[PDB]
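Asker: build me a model:
(chains A, B, C, D and E)
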Amino acid sequence: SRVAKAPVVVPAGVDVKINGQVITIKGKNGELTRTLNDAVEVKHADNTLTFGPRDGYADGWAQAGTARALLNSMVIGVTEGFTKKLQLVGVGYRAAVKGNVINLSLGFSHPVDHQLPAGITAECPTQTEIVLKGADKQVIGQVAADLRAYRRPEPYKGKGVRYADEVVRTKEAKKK
Amino acid sequence: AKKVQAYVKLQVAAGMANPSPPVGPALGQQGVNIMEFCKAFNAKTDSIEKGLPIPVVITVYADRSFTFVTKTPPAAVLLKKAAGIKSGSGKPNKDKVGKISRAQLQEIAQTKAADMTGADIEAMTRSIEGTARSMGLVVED
Amino acid sequence: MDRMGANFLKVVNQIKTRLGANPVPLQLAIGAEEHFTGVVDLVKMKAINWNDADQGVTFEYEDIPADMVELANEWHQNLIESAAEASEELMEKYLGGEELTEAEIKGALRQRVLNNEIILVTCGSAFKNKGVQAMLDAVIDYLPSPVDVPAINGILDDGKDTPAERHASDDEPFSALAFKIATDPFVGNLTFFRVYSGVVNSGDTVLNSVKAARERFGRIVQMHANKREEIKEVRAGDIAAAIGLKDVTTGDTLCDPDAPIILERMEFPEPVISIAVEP
Amino acid sequence: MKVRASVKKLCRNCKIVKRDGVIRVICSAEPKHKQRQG
RNA sequence: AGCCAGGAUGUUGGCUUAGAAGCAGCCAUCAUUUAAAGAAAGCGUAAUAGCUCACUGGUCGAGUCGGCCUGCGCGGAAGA
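Answerer: Residues are numbered from 1 along each chain as shown, chains lettered A, B, ... in the order given. Shown next is the structure:
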């Protein structure tokens, strides 16, 4: 397949701990482990990692096809990182980072300050731009999408919290 | 010459100084002073009797620059400049009015031969016969 | 200026982009818009305390606070620029280093209001009682008086053009103008007119010399914008109700005969939207 | 999500994936083109 | 199937020209170059600038694609 024609090359600076089904990757700034399913046959062969679908679970081409895409992201996420910037377009809406906490100037009668978990070093260059930094590809989206779900992109003004690369489709009033 | 940034050939009869804003967005693409394209071409526009759409192309550059290529008016409007009316295509294969022979077509092709490297003489001759049949025009020599 | 998104320095530096003017502001901002307590007057370099309760009480002036000791530095040096390029005489003491006091700089900038190249800006709150007591002292020093301006300039009645600056004092023929001419079910027609100079007594043959009509001057009444207070003797500069005008138009003169005469109606509008009322 | 018995691939870029078993059709820019049953 | 990737360019494609300027719609429906391009599919839109389909022109470097017939499966399926 395309995934079978896709092996991943681990570089120096990220150590694997192959206890069979449980792999804990000792990396640069974290520990990106995934306890996969038993539809995989893993082997860090020489340097480039090779994998395999186990018999019986012949649908493990899917279940390890996740894994081939997975561990490639893990060895490049623990070292380099993800810049996940969000664009705050709100009338009187600010963003400021302190410790691991983000403020949410969100047009309410009360402030919303939610604490953010490990795997996050957040920053804020201004009141409308907010950095998020992380090692797992999941955690760099999950903490980002929760903020965006508190104020979705409003398609009559362009109001809302929105990603850096995301482009909304704002409409027009057309009646009054 | 250039690539995916910008390349559109649109200019109509140069007696109108104003950029005619079904053409204006081709001047509204990469930040021109519209007075510059009015002052570029008028030094040579006083060598013509105006009335035909003359074409130019636009082509762009990095900072605020631009460029343009001057050619001669096309033979498609030269078919309907001599024929009197500017629009004859009402029924292509059901109208038989109006004759011009090949000799007129090549002398409006030498001004293409003295201007451009494509639109060659003998190859356009059937398409200057092809713009005649769609308009409902006849040709004999 | 007690609201979110209310940046003072943005808006005054937005005029230089959209309106294209030259504003140099004076009274700056102290406070993060909710704990806002000080308005930074920059000539005298003094912040003003405002009320906490008892809706209007204090006017307590102090120094520049320590949390804005450098933004007051970089903005005062642009204030004292604004007289070297207003008058040519302050050009050589911006660079020589003669002291640019509070009293010296306004003598140039007041003459920068008769040409109107700079406007004077002030941040504060009307409703939170933060700035209103501050805003009054600039009016006597940056807004022009009826005796400091070019006064009534009647030209003639007919013929050539000789524009004549008349006197702003009480020593002239009388002159006024007719505007804001409201109505009432007591006397009928009313006015909100303003006299520019001269004194009128009670009872006069005030004409309207642009449309050739004779009127007589009744019982003039002043207001608190609402309440009838009968103003008998109208001094030069009051605003009152030139009552009992038989016919009066937009902006004609209110003037005794054998005197200068205005004839001026500029920019007569056009009410555009037309709806048809039916009984 | 409008519901109707017919999921017809209607918009020009209409994805179809079987989430939970019930089909719901995924457009890009048109929210109006998204059905769910059938 | 994606990243580079030109969207080779005669033309204004008429009519009726107010814009119906490939992108409102009826008749033509040729093509100057054909290793890549149609007198044309939508969005941007009064018109177009923006973004593509067109051939994937160069890279990956193997399989892949749209329908016909049947074995069964899911949705359709809400009642006291």
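Asker: for residue 76, what are its contacts?
Answerer: All of this refers to chain A. Residue A:76 makes contact with no residue, according to Cβ atoms under 8 Å, 6 or more residues apart in numbering or on different chains. No exception for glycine: its C-beta is placed from N, CA and C like everyone else's.
Asker: the intended chain is chain C.
Answerer: Neighbouring residues of residue C:76 by Cβ under 8 Å, 6+ apart: C:42, C:45.
Asker: that one in helix, strand or coil?
Answerer: Secondary structure of residue C:76, reduced to three states by DSSP: H, G, I helix; E, B strand; the rest coil: helix.
Asker: could you pull out the strands in the stretch 1-150 of chain C for me?
Answerer: Under the criterion DSSP state E, counting those that start in this stretch, the stretch 1-150 of chain C carries strands at the ranges C:28-30, C:38-41, C:46-48, C:61-62.
Asker: correction: the previous question concerned chain B.
Answerer: Under the criterion DSSP state E, strands of chain B are mapped to B:7-9, B:56-60, B:66-70.
Asker: so how far is the second one off the chain centroid?
Answerer: So the one you mean is strand B:56-60. The chain centre lies 14 Å from the centre of strand B:56-60; the measure is Cα atoms, centre = their mean, to the nearest Å.
Asker: what's the neighbour count on residue A:24?
Answerer: Applying other Cβ atoms under 10 Å in any protein chain shown, we find 15 residues neighbouring residue A:24.
Asker: would you check that it makes contact with residue A:18?
Answerer: No: at 9.2 Å, residue A:24 and residue A:18 do not qualify as touching, with contact defined as Cβ atoms under 8 Å.
Asker: how much space separates the residue of chain C found nearest RNA strand E from residue C:5?
Answerer: Residue nearest to RNA strand E within chain C: residue C:18 (21.9 Å; Cβ to the nearest atom of the strand). Counting by Cβ to Cβ, to the nearest Å, the gap from residue C:18 to residue C:5 is 17 Å.
Asker: looking at those two, which is more packed in?
Answerer: residue C:5 (13 against 7).
Asker: identify the residues contacting residue 13.
Answerer: You didn't say which chain, so I picked chain A. Applying Cβ under 8 Å, 6+ apart, one finds that residue A:13 lies in contact with A:27-28, A:79.
Asker: my bad, chain D
Answerer: For residue D:13, the contacting residues are D:27-28, by Cβ under 8 Å, 6+ apart.
Asker: would you mind listing what in chain D touches RNA strand E?
Answerer: By the rule Cβ under 7 Å from any atom of the strand, the part of chain D lying against RNA strand E is D:5, D:12, D:21-23, D:37-38.
Asker: looking at those, which is nearest residue B:74?
Answerer: The nearest member of these to residue B:74, counting by Cβ to Cβ, is residue D:12 at 35.8 Å.
Asker: what about that closest one, neighbour count?
Answerer: Number of residues near residue D:12 (other Cβ under 10 Å) recorded here: 9.
Asker: show me where chain A has helices.
Answerer: Along chain A, the segments classed as helices by DSSP state H run A:60-63, A:65-77, A:139-148.
Asker: and the residue of chain B found nearest chain C, how many neighbours?
Answerer: At 18.0 Å from chain C, residue B:31 is the closest residue in chain B, using Cβ to the nearest Cβ. With neighbours defined by other Cβ under 10 Å, the count for residue B:31 comes to 11.
Asker: next one: it from residue A:106, what distance?
Answerer: Residue B:31 sits at a distance of 38 Å from residue A:106 (criterion: Cβ to Cβ).
Asker: for residue A:76, same thing?
Answerer: Summarising the geometry, the distance separating residue A:76 from residue A:106, computed by Cβ to Cβ, is 34 Å.
Asker: which strand residues bridge the residue nearest the centre of chain D?
Answerer: Ranked by distance to the mean C-alpha position of chain D (Cα atoms, centre = their mean), the top residue is residue D:25 at 2.0 Å. Here residue D:25 sits in beta bridges with residue D:16, going by DSSP bridges.
Asker: hang on, it packs against residue D:33?
Answerer: Yes: applying Cβ under 8 Å as the test, residue D:25 and residue D:33 come out as touching, 7.0 Å apart.
Asker: next, count neighbours for the residue of chain A found nearest chain C.
Answerer: For chain A, the residue closest to chain C is residue A:92, as judged by Cβ to the nearest Cβ, at 2.8 Å. Around residue A:92 there are 13 other residues, counting by other Cβ under 10 Å.
Asker: so who does it touch?
Answerer: Counting by Cβ under 8 Å, 6+ apart, residue A:92 makes contact with A:105, A:107, C:3-5.
Asker: now these: which count as buried?
Answerer: With neighbours counted using 16 or more other Cβ atoms under 10 Å in any protein chain shown, these contain these buried positions: residue A:105.
Asker: need the contacts of residue A:92 in a markdown table with distance to residue C:230, can you?
Answerer: Conversion of the contacts of residue A:92 to a markdown table gives the following (distance: Cβ to Cβ, whole Å):
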| residue | distance to residue C:230 |
| --- | --- |
| A:105 | 56 |
| A:107 | 53 |
| C:3 | 43 |
| C:4 | 49 |
| C:5 | 49 |
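Asker: out of the contacts of residue A:92, which are close to RNA strand E?
Answerer: When Cβ under 7 Å from any atom of the strand is applied, no member of those is adjacent to RNA strand E.
Asker: out of the contacts of residue A:92, who's nearest residue A:170?
Answerer: Minimum separation from residue A:170 among those (Cβ to Cβ) is found for residue A:107, which lies at 18.4 Å.
Asker: pretty sure the closest one contacts residue A:93?
Answerer: Yes: using Cβ under 8 Å, residue A:107 is in contact with residue A:93, at 7.2 Å.
Asker: quick one: name the residues of chain A near RNA strand E.
Answerer: For chain A, the residues in contact with RNA strand E under the definition Cβ under 7 Å from any atom of the strand are A:1, A:5.
Asker: how about the stretch 1-150 of chain C?
Answerer: Taking Cβ under 7 Å from any atom of the strand as the criterion, the stretch 1-150 of chain C has no contact residues with RNA strand E.
Asker: tell me which residue of chain B lies closest to chain A.
Answerer: Here the residue of chain B nearest chain A is residue B:4; by Cβ to the nearest Cβ that distance is 19.8 Å.
Asker: got it, and chain D?
Answerer: Counting by Cβ to the nearest Cβ, chain D gets nearest to chain A through residue D:29 (5.6 Å).
Asker: how much space between residue C:56 and residue C:39?
Answerer: Counting by Cβ to Cβ, the gap from residue C:56 to residue C:39 is 15 Å.
Asker: alright, calling it a day.
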